[PDB]
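If you want the building blocks of each chain, they are given just below.
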Amino acid sequence: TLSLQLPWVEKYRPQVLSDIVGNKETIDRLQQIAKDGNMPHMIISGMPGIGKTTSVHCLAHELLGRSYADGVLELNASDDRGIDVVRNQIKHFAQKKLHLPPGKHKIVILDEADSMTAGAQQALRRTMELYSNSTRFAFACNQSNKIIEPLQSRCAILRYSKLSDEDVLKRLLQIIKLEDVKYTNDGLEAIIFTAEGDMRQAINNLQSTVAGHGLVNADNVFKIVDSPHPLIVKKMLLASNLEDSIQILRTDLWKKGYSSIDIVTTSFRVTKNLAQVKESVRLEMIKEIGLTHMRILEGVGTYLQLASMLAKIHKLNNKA
Amino acid sequence: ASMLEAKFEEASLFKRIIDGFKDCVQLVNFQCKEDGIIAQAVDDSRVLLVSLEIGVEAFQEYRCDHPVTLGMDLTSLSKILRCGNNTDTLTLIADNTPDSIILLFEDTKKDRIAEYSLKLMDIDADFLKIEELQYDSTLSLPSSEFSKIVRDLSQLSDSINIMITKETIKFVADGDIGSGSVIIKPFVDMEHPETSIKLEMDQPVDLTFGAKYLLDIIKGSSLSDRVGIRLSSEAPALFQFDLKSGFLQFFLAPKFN
Amino acid sequence: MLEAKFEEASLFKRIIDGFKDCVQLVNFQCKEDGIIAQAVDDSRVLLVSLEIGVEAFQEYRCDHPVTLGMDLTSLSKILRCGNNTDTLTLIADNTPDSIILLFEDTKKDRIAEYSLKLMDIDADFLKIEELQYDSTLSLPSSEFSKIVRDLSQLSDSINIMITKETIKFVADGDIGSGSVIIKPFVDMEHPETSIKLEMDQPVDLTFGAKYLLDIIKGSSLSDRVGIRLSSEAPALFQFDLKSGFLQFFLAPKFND
Amino acid sequence: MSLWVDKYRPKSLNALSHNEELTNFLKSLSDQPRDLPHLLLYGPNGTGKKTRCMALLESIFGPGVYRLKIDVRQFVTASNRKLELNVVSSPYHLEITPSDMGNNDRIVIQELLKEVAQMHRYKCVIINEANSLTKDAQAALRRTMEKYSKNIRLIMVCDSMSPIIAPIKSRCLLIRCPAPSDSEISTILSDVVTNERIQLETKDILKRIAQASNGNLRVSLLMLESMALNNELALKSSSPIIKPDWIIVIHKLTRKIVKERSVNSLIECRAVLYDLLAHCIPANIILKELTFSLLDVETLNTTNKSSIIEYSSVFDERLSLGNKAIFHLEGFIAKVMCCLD
Amino acid sequence: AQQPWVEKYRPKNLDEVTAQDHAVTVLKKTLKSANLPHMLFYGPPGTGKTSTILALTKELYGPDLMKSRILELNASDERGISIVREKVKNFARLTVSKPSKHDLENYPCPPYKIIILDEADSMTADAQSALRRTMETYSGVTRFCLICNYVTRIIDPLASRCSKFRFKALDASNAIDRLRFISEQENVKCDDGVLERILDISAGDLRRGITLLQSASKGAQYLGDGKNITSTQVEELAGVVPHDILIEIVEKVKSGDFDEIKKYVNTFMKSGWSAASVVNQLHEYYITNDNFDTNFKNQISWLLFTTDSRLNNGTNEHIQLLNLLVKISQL
Amino acid sequence: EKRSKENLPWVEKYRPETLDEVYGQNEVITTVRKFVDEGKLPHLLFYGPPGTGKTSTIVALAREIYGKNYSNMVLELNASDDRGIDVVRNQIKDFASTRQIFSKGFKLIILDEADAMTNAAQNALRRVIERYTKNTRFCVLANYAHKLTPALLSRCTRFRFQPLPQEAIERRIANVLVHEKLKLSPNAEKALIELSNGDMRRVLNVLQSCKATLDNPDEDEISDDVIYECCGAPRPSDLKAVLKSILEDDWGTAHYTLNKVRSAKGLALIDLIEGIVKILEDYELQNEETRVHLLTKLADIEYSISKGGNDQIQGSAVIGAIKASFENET
DNA sequence: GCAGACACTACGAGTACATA
DNA sequence: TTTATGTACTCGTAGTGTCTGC
Ligand SMILES: Nc1ncnc2c1ncn2[C@@H]1O[C@H](COP(=O)(O)OP(=O)(O)OP(O)(O)=S)[C@@H](O)[C@H]1O
Ligand SMILES: Nc1ncnc2c1ncn2[C@@H]1O[C@H](COP(=O)(O)OP(=O)(O)OP(O)(O)=S)[C@@H](O)[C@H]1O
Ligand SMILES: Nc1ncnc2c1ncn2[C@@H]1O[C@H](COP(=O)(O)OP(=O)(O)OP(O)(O)=S)[C@@H](O)[C@H]1O
Ligand SMILES: Nc1ncnc2c1ncn2[C@@H]1O[C@H](COP(=O)(O)OP(=O)(O)O)[C@@H](O)[C@H]1O
Ligand SMILES: [Mg+2]
Ligand SMILES: [Mg+2]
Ligand SMILES: [Mg+2]
């Protein structure tokens, strides 16, 4: 068993703030914090895979250098971050006396901060308020709703947005030029379409296509990784002909190996996130999709139930 | 009458042997043979491996013509050993490929007789031929000293790093409270031969281990007066506790990076 | 009219410790011959009988027959002051709605008096149908509790197969099986550990687990416990006492 | 006790002057009780099903079934919630009801039936109001009576058949209890009053009670006792037919719905419904009474009546699958107001 | 005569199951071999799944090994996720018991033990998901037999792993030999078409037929006239509506007049018949008639189906019956 | 296990022991083989319907990478094992952090049916995967994707296991018949293809039960007739006759025909409903209202049958629904 | 050595969340 | 605030064990 090569997701992880693409204003603000040194408490939020925790790690590396071994305390969901056994850890770390450069402070990376309990954040409130001169915190959560409002009242809100296609394409081309793999622009746009602004997904699909076919042409890309089924569901629900919707359902989901419950949940999510049709029509569509969802969850999962769901969706859509 | 008979001199020996590695292992696979009884068992995390072996000299009487694979459960085994007077003479009894074994908790030497039985467990995992190899180092320190050092260092960090270089043993454990650096210089004493820090040297080793697993190792220090540790960069750590007629190893897997 | 003065404070407490888990409450019936308090469990299976003599437990003065029904939790809470020297005093006047439990200590002059509430039960049935038992067994109670807890930990069903010269205890469970056999052995030097099983007819009855635990909980009542078994009849677990005895009954459930 | 409903109850099948065919069938079962299967008596409430059960019980073993006692049993559930439910036990039988909270009566059934099955060969287990079981204790019962049957027997009493699942219907013998005829109601009331000391001008009062009771003998006896107490132990031919205050509230609600069909009247309807649900009333019977009182209003049309009954069926289906009955009842009243307007 | 006729005549051999010939032959030929797959018995109640599995276990091991190599669970037993994760897993991973010389010589003892999960459709999906890999991993030592009367409650992976044996409903043609045998053994005087009526009323089950036969025989014994049990006594004891009352219901429905049908439904429900039986009688009367138009039959079939489903939900049957009759009356 | 093979069901006897023995998923198998030969193995996520060969593929993969004793070098966790967040914090963390105990290789963690893990467990597993990915690879087998955290989905390479096509089932059946000394008629093979519905375990179970069905295991060939009695599925000719009687014949004839077909060999209304659904999907219907009415009414009927009820009323409902739906078309 | 003192692991009851 | 399992967290308590001491 030979030692595995490090995956391109981790091999080409950025180590400096310049390499992170997307959200130019946020990255420039982070760079100005980096050279300025006056890091405030911040909470970083966004959709997964767009570069949240890597910016935190890069900023922690840049602000303080050889002190990175002991000047930063990183915590995560794998560590049992509770109210009692962990309040002492941050209390000691903030109370720990370590000599920094004049404009640098200790960093407490509470990575994946949306999973902590309420009491832990309640203690962290005064923990942050007391030793603000010595230590600074860095929350990195997918969802900022779990963080209580006292924590939001003393933090710098840094909202990341989903990456534009141009930035993903730019960093992808950088990766190709460092790896020297033959590429076609159609294949690259296929990767961009499949990723949906999720960068790690783009890198993983690039890995699979490169190591599966050598060439990243569009046919090989669509052979290896399938198109995202939310788009297929949205296409199916928006069709005007019932026969067309049924054919799309069967061919693209039932013959491709998709569970009925997955189709129902994706249809519910697409309907609630859809905006072209009238609001009320979306309300009855959601009600019918939920009725079919109850039928599926109660035990009867069949192509017939999905076909009936589509038939009634067309009944509401075509206005009787 | 029964094919497999193993009458211990005292139930205390088997109780101590079972309680030595009861905590760190859930499923045990005994393999009785004419040369003795062995037990190769793996932890749930598949990091710590226990290789019990009891020689024929630790049994007052022993006889087992056909090899027997006794896959068992240590929780229920210890529960069975929990009941019964410790002075009593245990006699392990099993049939030809049976569904259970019989624990003769013969009280004193007469009167009360117990027939506790534990249903045999189907463990299809074969024994692992991890005996030994060319180990880089071979040290030997008293069990009490090692247990005290491990217990002291476990409170300071979650990882204990054992370093051997130029006839010197060094334990370091950097953590949040502090960083212990307990060091030992090898020596030998004729006055008290039990306390002697023996050592061998081929190549320096710097291997780190978890704290909870090392505590699990030192829980078994009551069995042996001496513990022998052998380390290598391309081998799991070996902790050979010497018994009255056999031994009890502890193949611990070091961390990487 | 009731003057059930008890010699030791931590003696009636020792009795109610056994009484606590066998039944939730008892209906006391005090008579000059003795104190009887029998109660029926929630399952109508386990029967508890109480008998307290008059020679010991200080002077007993039961001028009139008094029937009282009360809980044991509050009684234990009041009896928590159970010093080794303290005594007890039971006083029941006309309409004894609140019994005053006087504590007087010989070693110290400190006094303690508490009142116990009385609930309206007025229900007590006393019937002892069977006295003849095929097998009568006396053995130390601590060993009985030990063997019962060891067999009940392994299995939820306990059966006894009494044969010639063997008092066989067997417990079959999913984890395994425990078949502990004890022989009748009497040492004149150690009366407590003496074991005699009188033999008229072999008895094979299958019992439960929680009932056996409740029975063995009151192991400290007697050094030697009288175990009586009768075929096709309720069991009798009689615990001796310095004045009287406490017997426990159980139905031998059997579905084969 | 002084109540006449529980003072004159036929102890034996010989005193069951109610149904000749049903009494003969029960006597046929009691002829050879060595192989009596599990029973399930169904019919309108107030018919006297429990009377037949007790009469059959004393015909199987003998006199002494009618002596009863109370034995509270402590039962523990998930977490440490205490829902100690008493059992009305007795020699030779055992009477249980699912008066405990419906979400966790399954444990009551499981451990109590397992406890009674630890051993005159069988002890009958009567389960009053079996239609209130929540399809979970019935699952336990499926194997409970099937596995242990030579030691335990069930007389499963319920006033409705629909909530009982198919296997329970399959493994239990079905016995039908029709409601009394009006002539039989009058005969029973006449026997009661001649054993009592109430003076009657004419037996037309008994017939009026029979008509108003709608085949329910229990409420018939209750109303006769109330009238006799109110009429100074001498019934009057002009005495108004007294109705339960619940019926009065339902009829006033129906009148308010019929006359005023605005949102505000729906607010007072909601308040009245809140009071009625606070007054220990099941949702099925209140919706049934509201529906049948609405259909009895003469100002309605046949189309409105059909719409009302169809939405009543729909919302009764909703009640059978819902938790908070107030929302379903308010929705039914809203639909009725929409149809009538 | 200490047991009811349902359990007194419960089959004790695999050949005694006089229905489901395919499943019984498959299980017998498997009994000759040792390749017993993870079974999944399903079908209507009373078709004989529990009897079949008990007979199969008894013929496989014998009376001695029932207590050692059989683990039966119910909804009466606690069947949470913890029970599936610990009790079932432990019993599966234990080795098989030791067969004796007598059992091995007389019975074809296989080297596996069967775990029977009766009424398994009541378990939560999480427990079944936990049971999946327990079923898969220890296939060489234990067999799982899932006995549920609803397939849809069983999740897809278990239906994939388990071999499915549908238990067909027992109509008049399939299960007339069993009833004739029971009548011969019990000496029950019978008419010519009485057993056909019993099997017709007992919709797809034999337990109900046996219970009805026992009740009719007990009634005939009480009367003691030595008279053959007619179809009338069985029809009355079965709880089905007599034809006169059904004709009256149809006559009231045909004329309309909501007040009249409401009054008659009130009186009918006062007499207290089971509404499911009334719906069944109305279905077998209206559909089989030839005096009604095609469109009427379509609409009345849909109405009867909707009423039957609503009744099966467990609702108040009075309102459902009145609604069905009024909807039919306006056709 | 006991008595080696020949005492196991055909489901667990014919389990692939090599990546070459997995049929159908040619692309996935070839990509995985290329991955392991080139030395790179990212975090794999196998998604697909039941019976498509996910756990068989990953077991064959672990056997190929490691030695014969793959279970000694792989921490394989399933829903039977407790997988709380404490398990992730202790067992997974210790297995990922430490070095291999039997040889020199990367740790491999296989999480079969990982969709049953809680949200907090997946949240911890996120950072556990991302931190110790240098010498530890995670494989996640999930039938359902909606139960997986999107963070977990964005971390593992997604491989989709399609339902088995005709050729793969035919090849496996040919291998099984070659091994078992069994003969089977091609029409029976086509019936098996239609009955499988993309599942392989169904095929193996039906073959086992049909071999058990035959009086003489040798000599006699398995025809589609034996398949149809052994599985109990309706024959296509029966479905065609029932549908024709419903469409053209009147109520007496259609009801009598459906009852006779059901009572001939004990058919159930279920499997017959979706047989009729397949046949009607094989039709062209001018009016969309016919399709709408058919789908809605048949779904309601199938739901009611799933909840159980009276079979006669449900059959009458099926006939009425079909006949009312094929009259709005004209 | 027996007694107290000591801090440790183990156990039980209570609360709060459950889709983005 | 009822809901009704399963999960996870937190605290509190009861013993159980080895460690100092006279
Ligand atoms: N803007 C970016 N520029 C370059 N690489 C990026 C960028 N965003 C993400 N990546 C890549 O994404 C991988 C890791 O992304 P992460 O920042 O760890 O994901 P994340 O933002 O933390 O989302 P979650 O919530 O943790 S799953 C590495 O391979 C990075 O190279
Ligand atoms: N094929 C059959 N042959 C003979 N008797 C049968 C048959 N099927 C059912 N029975 C009778 O049905 C009774 C018990 O059947 P069961 O096996 O309990 O039905 P079931 O499969 O358990 O239905 P459930 O569990 O309620 S879904 C006994 O009286 C049997 O004699
Ligand atoms: N492609 C295939 N080639 C050959 N046999 C297959 C194939 N797919 C499935 N099988 C068979 O199906 C049996 C069970 O399927 P598994 O692959 O073990 O489980 P699975 O397909 O992952 O389904 P789940 O999701 O785990 S329930 C295996 O033992 C094989 O005999
Ligand atoms: N044959 C009868 N003669 C006189 N009264 C009867 C008869 N049968 C029943 N009853 C009356 O029925 C009442 C009991 O009804 P009950 O069994 O409670 O009905 P339900 O079971 O529907 O609640 C008793 O008060 C009794 O007077
Ligand atoms: Mg991150
Ligand atoms: Mg059954
Ligand atoms: Mg799998």
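Residues numbered from 1 in each chain as written, not as in the entry; some residues may be left out. Chains lettered and ligands numbered in written order. Part of a larger assembly, values for the part shown. Heavy atoms only, no water.

In the PDB header, cryo-EM is given as the technique by which the entry was determined, and 3.41 Å as its resolution.

A. Fine view of the overall build of chain B. When you go through chain B residue by residue, the secondary structure sums to four helices and 18 strands. Rg of the C-alpha trace for chain B: 20 Å, near the compact-globule value of 18 Å for 257 residues, within the 12% margin. For chain B, the spread of C-alpha atoms along the three principal axes comes to 60 × 45 × 35 Å. The buried share among the 257 residues of chain B stands at 56%. For chain B, restricting intrachain contacts to residue pairs at least 6 apart in sequence, the fraction spanning at least 24 positions comes to 63%. Carbon and sulfur atoms make up 49% of the accessible area of chain B, which amounts to about 11400 Å² in all. Separation of charge centres in chain B, based on 26 positive and 43 negative side chains, amounts to 4 Å. (Helix = DSSP H or I, 4+ residues; strand = E, 2+ residues; numbered from the N terminus. Rg over C-alpha atoms; globule rule 2.2 N^0.38 Å. Buried < 20%, exposed > 50% of the residue type's maximum accessible area, 1.4 Å probe, protein only. Contact = heavy atoms within 4.5 Å. Areas by Shrake-Rupley, 256 points an atom, 1.4 Å probe, with all protein chains shown as cover. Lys, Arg positive; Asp, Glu negative; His and termini not counted. Charge placed at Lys NZ, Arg CZ, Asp CG, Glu CD.)

B. Focus on the UniProt feature "DNA-binding region" in chain B. Following the UniProt record, one finds the feature "DNA-binding region" at residues 63-82 of chain B. In residues 63-82 of chain B, helix accounts for 45% and strand for 35%; the two terminal C-alpha atoms are 26 Å from one another. (UniProt positions renumbered as here; feature names shortened; annotations may be inferred.)

C. Representation of the sheet that holds strand β4 (residues 135-140) of chain A. Residue and element names in this part refer to chain A. With parallel pairing, five strands are arranged side by side in an open sheet as β2-β3-β4-β1-β5. The sheet terminates laterally at β2 (72-75) and β5 (156-159), the two strands that pair on one side only. Sheet twist, expressed as the average angle between the axes of neighbouring strands with direction ignored, equals 15°. Here four bridges tie strand β1 (residues 42-45) to β5, and the two strands are oriented parallel to one another. The residue of β5 that forms the bridge with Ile44 is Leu158. (Pairing = 2+ DSSP bridges. Axes fitted to C-alpha atoms, helices over the stretch in contact; angles between N-to-C directions.)

D. Geometry of the arrangement of the chains. Regarding chain A and chain C, which are not in contact, the minimum distance between any of their C-alpha atoms is 34 Å. In this structure chain A stays clear of chain D, and the shortest span between their C-alpha atoms is 13 Å.

E. Looking closely at the site of ligand 3. With respect to spatial proximity, 24 residues lie near ligand 3, and among them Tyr14, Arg15, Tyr23, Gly53 and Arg201 of chain F are the closest. The local environment of ligand 3 is shared, drawing residues from chains E and F. In the model, an oxygen atom of ligand 3 is placed 3.2 Å from a nitrogen or oxygen of the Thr55 of chain F main chain. At 2.7 Å from an oxygen atom of ligand 3 is found a side-chain nitrogen or oxygen belonging to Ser56 of chain F. Within the complex, the protein chains bury 99% of what would otherwise be the 630 Å² of accessible surface of ligand 3. At the level of elements, α7 (125-137) and α8 (156-161) of chain E together with α3 (54-65) and α9 (201-213) of chain F are the ones that each hand at least two residues to the shell around ligand 3. (Near = heavy atom within 4 Å. Polar contact = N/O pair within 3.5 Å; in protein donor to acceptor, adjacent residues only side chain to side chain.)

F. Summary view of unusual backbone geometry. A positive phi is found at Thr108 of chain B, a non-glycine position, where the angle reads about 50°. With respect to the helices and strands, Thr108 of chain B occurs in the loop between β8 (100-106) and β9 (116-119). At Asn214 of chain D, a residue that is not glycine, the phi angle is positive and equals roughly 60°. Looking at where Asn214 of chain D falls in the secondary structure, it is placed in the loop between α7 (204-213) and α8 (217-230). Residue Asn214 of chain D is classed as partly exposed on the basis of its relative accessible area of 46%.

G. View of the side chain of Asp115 of chain F. Tracing the backbone shows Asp115 of chain F in the loop between β3 (107-111) and α5 (119-131). In this structure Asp115 of chain F is buried but unpaired, with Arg132 of chain E as the nearest side chain of opposite charge at 4.8 Å. If sequence neighbours within four positions are ignored, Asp115 of chain F has contacts with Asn143, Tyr144, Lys147 and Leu148 of chain F. (Salt bridge = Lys/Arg side-chain N within 4 Å of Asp/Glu carboxyl O.)

H. The domain arrangement of chain E, seen in detail. Domain annotation of chain E identifies domain 1 (1-170), domain 2 (171-240) and domain 3 (241-331). Using C-alpha coordinates to define each centre, domain 2 of chain E is positioned 28 Å away from domain 3 of chain E. (Domains from an automatic or database assignment.)

I. Inspection of the protein's contact with DNA strand H at higher detail. Taken together, the neighbourhood of DNA strand H is formed by 15 residues, with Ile83 and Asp84 of chain A, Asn323 of chain D, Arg85 of chain E together with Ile85 of chain F sitting nearest. Sugar and phosphate atoms represent 100% of those atoms of DNA strand H found within 4 Å of the protein. Separating a phosphate oxygen of DNA strand H from a side-chain N or O atom of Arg89 of chain F is a distance of 3.3 Å. A total of three residues in the surface near DNA strand H trace back to one element, the largest contributor, which is helix α4 (residues 85-97) of chain F. Here the surface near DNA strand H is composed, by residue class, of three nonpolar, six polar and six charged. (Nonpolar A, V, L, I, M, F, W, Y, C, P; charged D, E, K, R; others polar.)

J. Expanded view of the packing of helix α13 (residues 260-273) of chain A against helix α14 (residues 279-297) of chain A. Residue and element names in this part refer to chain A. Closest axis-to-axis distance for the α13/α14 pair is 10 Å, and the angle between their directions is 160°. Between α13 and α14, the angle is such that the two are roughly antiparallel. Of the two elements, α13 crosses α14, and the hand of that crossing is left-handed. Contacts between α13 and α14 involve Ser260, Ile261, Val264, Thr265, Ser267, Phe268, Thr271 and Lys272 on the former and, on the latter, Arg282, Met285, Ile286, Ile289, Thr292, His293, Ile296 and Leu297. Residue composition of the contact of α13 with α14, by class: eight nonpolar, six polar and two charged. (Parallel < 35°, antiparallel > 145°, perpendicular 65-115°, else oblique. Left-handed = near helix turned anticlockwise from the far one by under 90°.)

K. Fine view of the protein's contact with DNA strand G. Taken together, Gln143, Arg269 and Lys272 of chain A, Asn80 of chain D together with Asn119 of chain F form the complete shell of residues around DNA strand G. Restricting the count to atoms of DNA strand G within 4 Å of the protein gives a sugar and phosphate share of 46%. A distance of 3.0 Å separates a sugar or linking oxygen of DNA strand G from a polar atom in the side chain of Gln143 of chain A. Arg269 of chain A has a polar side-chain atom sitting 2.4 Å from a base nitrogen of DNA strand G. Each residue belonging to the surface near DNA strand G can be placed in one class, and the counts come to no nonpolar, three polar and two charged.

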